[PDB]
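Given as structure tokens, the chain that follows is alone and in the form deposited in one PDB entry.
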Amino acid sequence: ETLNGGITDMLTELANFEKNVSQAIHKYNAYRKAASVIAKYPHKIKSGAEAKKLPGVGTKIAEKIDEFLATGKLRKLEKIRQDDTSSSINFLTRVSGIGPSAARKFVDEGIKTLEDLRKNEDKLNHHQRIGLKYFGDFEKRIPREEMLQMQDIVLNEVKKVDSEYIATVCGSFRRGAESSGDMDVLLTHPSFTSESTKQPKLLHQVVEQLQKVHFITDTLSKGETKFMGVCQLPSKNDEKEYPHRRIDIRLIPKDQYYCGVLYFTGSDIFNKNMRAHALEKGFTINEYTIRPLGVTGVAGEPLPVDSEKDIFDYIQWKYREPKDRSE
């Protein structure tokens, strides 16, 4: 299916173990870094020493790669796969709203199956309850055809609330992916800038309208600038319903759109790589601004930005189109 798929699968599985079971986030990310650089490597890897030349692959992963190439498996992962506790904790984290901490606690309390979760909903917070309700649906991917229908609904309903809003579908969709895990919507309005909020309830307005027309069905979390919830396309007579889908909406100051869209377009690993490179170059990037770093570590004042490319220029990177920011 992919060039070094066995190796990248192995490393991703180790990343998940370190995140979900070990609760070691830097090992998680180190494994993800290695998987990422390897996935982009345009040769079929013949040895661990060859892999070790790539940035992010060290002695330990090279050693694992040699085992995998020689035997087709990793004894370390075979052990983890048979460990009941590890498997159960891993499984529970697949429910949206259950992370490593909550999964371990549930598993300690004897709760380790979908059945167990369902007969213990009173032990779940709101988010987790909705994640359980739509467990199967949330692991389905969204065909780009459906993303396009969803975009049409969101853009048209936003326009009905106020023609001044601009809604931009970001994430994997903006990177040209033929399928997406969920929908990410960046929202701006003239009355919300970094200098003032001249109208309240800007995000609420939009969420309310999408609820009215039955597009948004559930709310996981909702503040002044970020909505996390569930939506569903309308189905026609006699047709099975579409799966429920995860949707995220982020209201960003209009004058900080470019940092906002850079953030929201990702990928996640791309953002981590780009932000880490910015730090190396003496800058810090968030979804709002790019700022210089002084000697002390105090971030300076936001630099002027009027394109995505400007952010790349500051850190001396050649521009990468959204399509080339994917894993």
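For clarity, a rigid core is taken as the largest C-alpha set superposing within 1.5 Å between two forms. One-based numbering along the sequence shown.
Heads up, the form deposited in another entry isn't pictured, but that's what we're talking about next.
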Core aligned, does the CA of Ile61 move at least 2 Å between this form and the one not shown? no
Once both forms sit on the same rigid core, is the C-alpha displacement of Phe17 at or above 2 Å between this form and the one not shown? no
Relative to the shown structure, Cα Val154 and Cα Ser307 in the other form (3 Å or more change) are closer
At a change of 3 Å or more, would you call the C-alpha separation of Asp268 and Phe135 in the other form closer or farther than in the form supplied? farther
